[PDB]
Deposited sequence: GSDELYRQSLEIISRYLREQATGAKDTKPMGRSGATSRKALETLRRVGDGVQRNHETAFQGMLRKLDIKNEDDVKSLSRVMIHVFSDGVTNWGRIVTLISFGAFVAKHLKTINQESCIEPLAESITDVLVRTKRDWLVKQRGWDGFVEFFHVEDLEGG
């Protein structure tokens, strides 16, 4: 509820910002932390990510809602960490770029809302226990 609202803001802003452009304190350092680490991941895997984007293929919002069930499975091996969290958000910013390249900037927020659902609604336990976004900021010192 409050974890979700913060999470969504941080994530929406990042995906919207990375779309050819640019209410809390922790949300401040979070977005900056997410900027640094997030941009890094995309560069470091600009080809591995493109390989996912292709084998997934993404034209409409019906696709975007399917990529949801993929992300939810990411934490199926029972393994949850900040590397995976940020990688998911990174791949979201990547998928948000390919989203506007095809004019469908309208699918970006749904994507942001979708990414947040996973973290907040399916991982609230680990997330809450890991000092939320503060822990995210702290971890990626």
Quickly check which stretches of the deposited sequence aren't in the model, judged by C-alpha, and list them in order.
1 to 2, 25 to 32, 152 to 158
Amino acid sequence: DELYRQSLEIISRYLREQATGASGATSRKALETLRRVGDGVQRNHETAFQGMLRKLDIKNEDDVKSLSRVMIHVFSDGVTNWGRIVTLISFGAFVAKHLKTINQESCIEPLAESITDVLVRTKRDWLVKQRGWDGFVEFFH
From here on, numbers count along this sequence of modelled residues.
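We call the rigid core whatever largest set of C-alpha positions still superposes within 1.5 Å between the two forms.
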Given a rigid core fit, name the stretch, 75 to 83 or 29 to 37, whose C-alphas are on average farther from the form shown here in 6 other deposited structures of this protein.
75 to 83
RMS over structures and residues, CA atoms, rigid core fit in 6 other deposited structures of this protein: 84 to 92 vs 53 to 61, larger is 53 to 61
Going by the B-factors listed in the PDB entry, is the mean over the C-alpha atoms higher for 80 to 88 or for 48 to 56?
48 to 56
Per the entry, higher mean C-alpha B factor between 7 to 15 and 122 to 130:
122 to 130
Looking at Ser114, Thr33, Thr101, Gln42, which has the highest Cα B-factor in the entry?
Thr101
